[PDB]
Amino acid sequence: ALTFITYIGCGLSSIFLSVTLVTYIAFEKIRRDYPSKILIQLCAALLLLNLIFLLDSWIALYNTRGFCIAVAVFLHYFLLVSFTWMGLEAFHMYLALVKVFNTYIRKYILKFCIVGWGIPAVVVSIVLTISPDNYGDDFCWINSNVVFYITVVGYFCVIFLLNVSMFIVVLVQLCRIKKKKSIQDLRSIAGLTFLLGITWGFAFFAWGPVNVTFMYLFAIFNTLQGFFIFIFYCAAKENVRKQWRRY
Amino acid sequence: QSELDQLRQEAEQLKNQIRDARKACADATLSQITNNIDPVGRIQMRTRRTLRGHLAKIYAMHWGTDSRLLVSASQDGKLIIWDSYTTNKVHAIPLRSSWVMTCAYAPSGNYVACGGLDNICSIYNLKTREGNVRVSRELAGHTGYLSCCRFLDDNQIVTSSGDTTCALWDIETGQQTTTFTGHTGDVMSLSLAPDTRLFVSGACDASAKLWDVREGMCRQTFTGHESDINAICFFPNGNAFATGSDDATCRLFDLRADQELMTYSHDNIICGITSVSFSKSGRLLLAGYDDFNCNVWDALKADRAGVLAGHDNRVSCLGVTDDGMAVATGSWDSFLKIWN
Amino acid sequence: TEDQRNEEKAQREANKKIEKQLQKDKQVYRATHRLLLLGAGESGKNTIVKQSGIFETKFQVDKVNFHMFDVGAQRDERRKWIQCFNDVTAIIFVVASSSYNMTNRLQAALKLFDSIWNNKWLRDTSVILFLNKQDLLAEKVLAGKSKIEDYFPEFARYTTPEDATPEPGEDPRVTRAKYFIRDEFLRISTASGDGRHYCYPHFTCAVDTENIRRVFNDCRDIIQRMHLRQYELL
Amino acid sequence: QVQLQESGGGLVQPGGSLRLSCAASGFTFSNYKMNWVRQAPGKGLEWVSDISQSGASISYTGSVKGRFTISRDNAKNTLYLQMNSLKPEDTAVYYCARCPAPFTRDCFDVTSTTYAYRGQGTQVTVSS
Amino acid sequence: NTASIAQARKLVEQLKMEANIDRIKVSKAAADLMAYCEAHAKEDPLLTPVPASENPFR
């Protein structure tokens, strides 16, 4: 019962992720510009990762191989799309804030869903075709040490070093126009940390011989990410609040 | 010997006759008459089509006489002939200068006028031979921006301008036959009578003038508004017209016994009107507004019978087909909607 | 009823030839950055220039293309046709800034900026404001020919700000005058905040070679504050 | 018919006083903000003062800052301008101009020649 | 001034022209404005909704 907060956590973020996804698809006055679009793609992938994870824990009965290795890849796949959709949103803010001019390509969102939903669909296959015996206190996880360093630990650090850089590049420029000629920006700054997904940085710390609660911070921050995207990008905006109100 | 201040005093004597003449014929008001007819009930329309394809805001549109095709002019520098039954496209015509402020579709379906801040009307022969569309005449006589234009036939076009003058042109000779003067303020719109012998025009002084096309004079002058007039339209039988203006009102004027007859105002409305249009029978009246809505009034009872709320920015233009089947609106969000 | 299906498929291919040209026209409309240049008329295009109704001049800074439009042959009643320029990136406003002897051309320029800034449809458009035509001695305080304490009853009780960067050799009382005219603006700007646009002042001179660079460096700031507002950061 | 009739202006000695007035009719006076403009002989129209919708938000030009004062009375559709200590620079004809649209804070075409919503004016003269 | 006498003279000729016209009573004007909308009632699709059968948009 020591980490039962993860079952109620991912069971809670999956609720409001579906709530924020129907209010963006139905109402056409919000989904027009780029930033609002990537939100429908990111909140889609987080909903599937949060839904299949509790299915891998609550009813994960001992099949022989088939139903166990099936959930083993569709958890690994959805973990990899959520990493590369956050690192895509740090690439859009490079074209928006650092290289400002001449940023127009003719197909934008369809060129990202090829990169976002596709490169995890090609890294997972080359590790599946070399061995389908990659599932396993059972949990049907990787069941390998050398490929888990590659597809998880390696694919995360090369994204994180290009995702935290656009969290410092943005905050440098925000402190150059606040300082020129102090509260209620914290609602916006706290929205950027969960959108870019920096709260996975507690796991860097957790690797070294555990802790006492620092691993309790990693478990509760990253299980409520889709809950925190709701309260800052669906409910705080009164542009959205003038749509679902008035029915 | 003081000539100016007795010529300015004689006009006060002459104006006080005209006010007392119209007061002498005001034996009843319009709401005293029509307070026994049945109401119209609530109406509603449901956005049957939507037409996308413009890059910047839309300033004008005009239906065809066959009730299918329509023009639209936008500030990106384009001009598109849509088909409204199938939502296709014919003839996206590129402009020479991008700030176009009006467009018109000839009743023969052969030409398309446009014009704007370049002080020039253009003709654009459509039903051509051995090629695509090309500009034809390029009329140029005005010294201010071009705010409206309507065809009479394939050889005469009456234009409105921002140098306080209307004009009547002769295509293939290019120069203007008649030049109408008399306003004090930029003339913003016009509309022709159904027999096309007369036309009305409202400007940025709060006034509207009836003109003779063949003669070249001004018959009457109507003043009941409080700010700039942005829109005008005739009644179906041609014996009345309705205006819209910046003081959040629309008003109905009759030609005989020149005074106003009705005022369409409401307390929640504090925005200006950018377009007016009538239905086929002349019972409804469809006005566009600056708060992105589009109300519907009853022309005989001054009630409000509904609303059309589909656009994101302000509604610039509006128009009903000749069979009276549908209404098209255009707005600054670069979409057109067809309501029915 | 397949006789309908002959020509409407030719209508259908006439729709796809149109849409292919609009894809090529979107690509050059989306990367061209229109600007509107308006002044009182005396300075005009003497400063903002790269060496009929609308005049249309274009140029290129760092392989990024621009458009500038000066309005000519129109009347002086501006309450219409000014709202045709609301989706431009900036409005280059040029002020003669030496109006003490021709009239009061300086006060008339202030009333025009108050109508543009507060208009309704121009609430989201930032203004690049050039204070042209310095003339630090001629018709100014280095000669003492005309007094600005009589045209504005302030400026006799005004001091230079804490951080004012002079030119080495510039007159200590002409920098007091140069920063007072700029401070008659920026209090029309910093009063109202609901529009979310800006105002950027500069000082142009006879040698204004760098004067296409200060409009380039500040239209970059205008697009940056637009994209930062998408994320509700400003 | 929008009309604005100024009255109450004439010759006076310098250092003296004079109060102008204007009766407005044809529109609701409470929704529009008013102005005063003037035209010295040979110069062109320039702006004097304004006053918002029933408000204590009053602006002046720099020449007549410390000695002129404006006041409107919405109950009788009237606009005043009390002038004191007149100088020979104040030899102009004075008009009463209103803003073109109601409930707005911009006001564009007031100091324009051939402007609609403006009176015919009153002469004000000072001489020794 | 001498130019300004002209449009003061030109305006008093226009006000002299539009004063001498034959105005009918207003009650006669509104009664026929109503009778046109009464005769053309059924031939109005926005007023009385024509069915979805012969409606050309759906």
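Counting begins at 1 with the first residue displayed.
Heads up, header says this was done by electron microscopy, 3.1 Å.
In case you wondered, yes, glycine gets a Cβ from its N, Cα and C as well.
What Swiss-Prot says about this one:
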MOD_RES   B:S2  phosphoserine
MOD_RES   B:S2  N-acetylserine
MOD_RES   B:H266  phosphohistidine
REPEAT    B:46-94  repeat 'WD 1'
REPEAT    B:95-140  repeat 'WD 2'
REPEAT    B:141-181  repeat 'WD 3'
REPEAT    B:182-223  repeat 'WD 4'
REPEAT    B:224-267  repeat 'WD 5'
REPEAT    B:268-309  repeat 'WD 6'
REPEAT    B:310-340  repeat 'WD 7'
Cα-to-Cα gap, B:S2 (phosphoserine) vs B:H266 (phosphohistidine), nearest whole Å: 47
Those residues of the chain, 6+ apart, with a Cβ under 8 Å from that of the residue listed as 'phosphohistidine': B:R304
Remote residues contacting the repeat 'WD 7' (B:310-340) - C-beta distance under 8 A, at least 6 residues beyond either end: 45-52, 54-63, 65, 67, 70, 72, 74, 82, 84, 274-281, 286-294
C-beta crowding around B:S2 (phosphoserine), within 10 angstroms: 7
DSSP state at B:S2 (phosphoserine), helix/strand/coil: coil
